Amino acid sequence: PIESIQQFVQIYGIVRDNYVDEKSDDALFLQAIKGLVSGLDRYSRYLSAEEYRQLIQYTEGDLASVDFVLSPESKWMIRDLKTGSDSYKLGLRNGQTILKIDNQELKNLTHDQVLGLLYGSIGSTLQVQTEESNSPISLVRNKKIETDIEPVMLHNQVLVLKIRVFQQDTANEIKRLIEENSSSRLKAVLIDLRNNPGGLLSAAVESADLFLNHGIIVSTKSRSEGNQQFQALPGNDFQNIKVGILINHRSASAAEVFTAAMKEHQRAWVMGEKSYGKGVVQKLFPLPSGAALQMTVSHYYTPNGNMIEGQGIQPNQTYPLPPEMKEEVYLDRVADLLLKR
Amino acid sequence: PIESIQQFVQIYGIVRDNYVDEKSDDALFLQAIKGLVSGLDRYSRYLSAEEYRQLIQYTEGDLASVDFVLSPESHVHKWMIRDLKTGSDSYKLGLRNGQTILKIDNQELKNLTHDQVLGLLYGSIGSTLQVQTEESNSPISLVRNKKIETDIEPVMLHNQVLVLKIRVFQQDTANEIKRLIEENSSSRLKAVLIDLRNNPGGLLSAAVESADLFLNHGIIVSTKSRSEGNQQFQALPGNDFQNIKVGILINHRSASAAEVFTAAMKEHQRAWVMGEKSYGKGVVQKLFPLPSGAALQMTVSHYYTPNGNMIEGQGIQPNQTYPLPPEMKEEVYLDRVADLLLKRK
Ligand SMILES: [Cl-]
Ligand SMILES: [Cl-]
Ligand SMILES: [Cl-]
Ligand code: NA
Ligand code: NA
């Protein structure tokens with residue numbers, strides 16, 4: 001790359017010699033490294049030795065929230081914030097009230113709609129506006145959140161399985177909840193994947209394999225990991241069971257793999273709004289400096305060959321949560337649409 | 001820089017060998033160049049040969065807007081596009097005469113005056129703005145590529161305060177301030193209010209000459225630079241308007257030259273500044289041509305106030321904070337601002 005190397009050192013020299021402020025070579029190369037890695041996609045980046053030490057503590061694909069909780073007291077106030085935590089260092093304190101999360105007012109939202117904004121993949125970012133501070137604050141979802149499928153039997157005999165994240169036991173837990181509620185009365189199963197940031201790819205593949213006897217569930221394009229293709233397997237465990245999937249703009253990664261597999265094999269009717277559009281596998285690359293690189297090494301592809309990253313999954317029938325409609329009413333109306341198939 | 005060069009080539013190798021997509025050396029170094037130059041500040045960047053050819057067409061510090069106009073002609077609060085010429089950049093993007101613009105930089109035009117709309121539409125030439133049309137569900141990025149000719153807009157208020165609206169500092173601004181103040185001087189004139197709201201700047205020299213009209217001594221502005229050297233512009237003797245009381249009105253869009261003028265008049269206690277903190281833009285940029293035909297736009301100097309305060313990133317705090325209250329009529333705000341100026345010793 002002699003022609004490119006020559007252009008780079010020429011520019012480096014002009015920057016070092018004419019920028020208003022004299023910068024160190026260590027600072028200039030660090031700016032060059034950030035552009036080299038972050039210029040690949042919106043998820044690849046350089047990690048400082050500390051950002052790396054912090055990221056190794058978390059398991060990849062865990063559901064997480066902030067290092068505190070919000071509770072309504074006549075106003076969503078901060079509570080359980082531990083002294084010395086990253087949020088404490090940024091200025092947050094127990095008692096302060098949060099008015100917005102990612103420009104969305106918490107007035108009129110339920111405890112669930114607030115968790116919907118607070119929850120996300122571990123390591124992810126969110127902004128908060130406090131009534132005290134006059135400016136927004138960037139926080140990191142660094143607190144792992146344990147979850148189980150949340151089942152609800154609707155009056156119309158539709159079993160709703162709320163999956164906030166795919167975990168090692170998700171597939172076995174879907175099997176158990178459907179069977180424990182299965183009978184001549186069960187009409188259909190509605191899988192609520194709204195606000196599901198993903199979780200384990202293997203769990204989404206196993207979950208889809210419960211309802212598919214053949215065909216590719218998902219394919220991966222990778223140079224360092226190789227081009228894999230996960231195929232479904234025979235087993236009429238769930239053949240006569242009608243299935244629906246509910247997604248929102250926060251449904252992502254593994255949740256999109258599962259949704260796409262079920263939709264493109266026409267096994268489930270997908271309702272809601274277009275998914276987030278995140279279909280990447282990242283790997284951490286330690287450096288001698290102690291720092292590291294977080295980089296995309298694989299892209300997920302749907303059975304029809306569609307790239308999930310940047311596109312997202314379009315539902316079979318668009319029906320987002322209408323403005324200020326009550327949650328349990330939206331669930332019932334979504335269940336009604338599924339029964340009319 | 002052996003330790004940092006070794007780290008850079010190691011990272012380059014990891015990217016080239018493991019990124020999901022095989023990328024060319026030309027593309028990897030280009031991403032490294034963009035991070036190296038854009039990583040300096042929010043105004044420095046690499047320009048492709050085309051981005052450079054486009055930038056040289058515009059004159060530095062000219063006031064500009066989009067290649068069309070907005071006027072409500074359908075409904076009273078729906079701003080429709082008019083004067084859009086076929087073949088223009090906006091026409092190629094999908095905009096058409098008749099379409100309605102609901103937002104500019106996420107701000108609804110619904111309840112705004114013709115002035116508040118120009119406030120969002122106007123800006124330094126080459127600048128960017130986003131627009132949401134009623135016909136589209138997604139935003140559109142436009143460039144202020146149409147220069148806007150201007151003159152000082154004078155208004156004599158009933159309280160005998162002369163308001164001089166300066167949308168941008170130009171070569172004739174100083175002479176025009178002198179002429180408008182003199183042709184309106186009399187035993188009745190109480191004070192002069194310089195309205196610099198939404199003024200993106202213009203020529204530094206024009207702001208310095210404008211401040212020199214009201215100052216007999218002291219530094220108007222200083223420049224800190226390695227490639228240009230540390231210069232400092234001083235005021236000169238000549239009591240042009242010794243007995244003239246002066247006020248300055250600024251908003252969050254008042255910037256660069258407008259901030260230099262405002263800071264000079266404020267820190268020498270020559271004018272009472274009201275409104276809200278200025279934008280905070282005090283940089284001098286230089287273009288660095290490259291053999292590829294491309295170039296680098298980079299900050300080479302910072303402007304400093306008389307007290308030695310840096311304008312870039314700080315902005316100028318007014319003497320008395322008084323932003324346009326919610327839904328207050330413009331003429332009323334101007335009268336209240338003029339009243340505050342008259343209540344000064
Ligand atoms: Cl080579
Ligand atoms: Cl060195
Ligand atoms: Cl020119
Ligand atoms: Na199967
Ligand atoms: Na003078």
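Note on naming: letters A, B, ... go to the chains in the order of the sequence lines (proteins, then strands), and numbering restarts at 1 for each one.
- Evaluation of the side-chain hydrogen bond (donor to acceptor under 3.5 Å, both in side chains) rule for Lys175(A) yields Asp237(A) as partners, not counting sequence neighbours.
- Side chain to side chain, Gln54(A) and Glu50(A) fail the donor-acceptor criterion of an N or O pair below 3.5 Å.
- Here the shortest heavy-atom pairing between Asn137(B) and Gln132(B) reads O-NE2, 3.6 Å.
- Under 3.5 Å, the side chains of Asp25(B) and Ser4(A) contain no donor-acceptor pair of N or O atoms.
- Shown here are the side-chain hydrogen bond (donor to acceptor under 3.5 Å, both in side chains) partners of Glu173(A), two or more places apart in sequence or in another chain: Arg176(A).
- Here the straight-line distance linking atom CE of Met295(A) with atom CD1 of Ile11(B) works out to 10.0 Å at 0.5 Å rounding.
- Side-chain contact check for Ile14(B) versus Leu287(A): some heavy-atom pair is nearer than 4.5 Å.
- Defined by atom type and a distance below 3.5 Å, a donor-acceptor pair is missing between the side-chain atoms of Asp332(A) and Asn156(A).
- Residues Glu206(A) and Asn172(A) fail the side-chain proximity criterion, which asks for heavy atoms closer than 4.5 Å.
- Around NZ of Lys78(B), the count of heavy atoms belonging to other residues, nucleotides or ligands within 6.0 Å exceeds 12.
- Aromatic rings from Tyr330(A) and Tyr319(A) are positioned such that their centres are separated by under 6.0 Å.
- For the pair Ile191(A) and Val189(A), the minimum side-chain heavy-atom distance is below 4.5 Å.
- Aromatic ring pairs are classed by plane angle as parallel below 30°, tilted from 30° to 60° and perpendicular above 60°; the pair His214(A) and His265(A) is perpendicular.
- Both the sub-6.0 Å distance and the 45° axial angle are not jointly satisfied by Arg79(A) relative to the ring of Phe68(A).
- Under the 30°/60° scheme for interplanar angles, the aromatic rings of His299(A) and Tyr301(A) are found to stand perpendicular.
- The aromatic rings of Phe211(A) and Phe258(A) sit perpendicular, their planes meeting at an angle over 60°, well past the 30° parallel limit.
- Look at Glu225(A) and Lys283(A) and you find a salt bridge, because one of the NZ, NE, NH1 or NH2 atoms lies within 4.0 Å of a carboxylate O, short of that distance.
- Taking both residues in full, the closest heavy atoms of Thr59(A) and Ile122(A) are given as O-CG2, 3.6 Å, listed atom of the first, atom of the second, then distance.
- Contacts of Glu309(A) classified as salt bridge (charged side-chain N to carboxylate O under 4.0 Å, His left out), with partners at least two apart in sequence or in another chain: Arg42(A).
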